[PDB]
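K.L.:
generate a structure from the sequence data that follows.
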Amino acid sequence: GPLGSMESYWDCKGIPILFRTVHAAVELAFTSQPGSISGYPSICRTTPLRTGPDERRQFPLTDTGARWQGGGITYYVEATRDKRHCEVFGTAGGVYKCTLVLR
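P.N.:
Numbers count the residues shown, from 1 in each chain. Take a look at the structure below.
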């Protein structure tokens with residue numbers, strides 16, 4: 001394939017979740033009605049902000065770059081529409097925040 005250096009990614013217990021994957025998942029989350037993609041996206045309303053509503057959606061991610069196809073959930077993103085908030089989590093062993101590795 002084409003030569004490329006590593007892009008920014010989230011390290012989820014050793015598995016890299018690429019920025020392009022996360023971006024695509026947020027785009028799908030915000031172009032899909034809540035719950036419609038096999039239960040997702042869901043709405044995170046648990047962090048009211050001093051600046052008012054800023055709708056945050058939760059949506060599954062995959063390690064493959066393929067869009068999630070409705071099955072198990074090992075990784076997920078919580079983000080606003082323009083990704084100004086964007087965090088990635090895993091579920092293995094209990095929910096944990098993945099580590100952003102900037103490249």
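K.L.:
switch to C-alpha atoms for all contacts and neighbour counts from now on
P.N.:
Noted.
K.L.:
distance of the residue lying closest to residue 9 once chain neighbours are set aside from residue 36?
P.N.:
Leaving aside its chain neighbours, residue 9 sits nearest to residue 18 (4.4 Å; criterion: CA to CA, 6 or more residues apart in numbering). Noted for residue 18: a distance of 24 Å to residue 36, by CA to CA, to the nearest Å.
K.L.:
between these two, which one's more packed in?
P.N.:
Neighbour totals were compared for residue 18 and residue 36, and residue 18 leads with 21 against 11 (other CA atoms under 10 Å).
K.L.:
in this structure that one contacts residue 7, no?
P.N.:
Yes - at 6.9 Å, residue 18 and residue 7 qualify as touching, with contact defined as CA atoms under 8 Å.
K.L.:
contacts only, for residue 21.
P.N.:
61, 62, 65, 66, 67 (CA atoms under 8 Å, 6 or more residues apart in numbering).
K.L.:
please identify the helix or strand for the closest residue to residue 97 other than its chain neighbours.
P.N.:
Excluding its sequence neighbours, the residue lying closest to residue 97 (CA to CA, 6+ apart) is residue 89, at 4.4 Å. Under the criterion of DSSP states H and E, residue 89 resides in strand 86-90.
K.L.:
next: residue 25.
P.N.:
Per DSSP H and E: helix 19-30 holds residue 25.
K.L.:
quick check: buried residues in that helix?
P.N.:
By neighbour count on 16 or more other CA atoms under 10 Å, the buried set for helix 19-30 is 19, 21, 22, 23, 25, 26, 27, 28, 29, 30.
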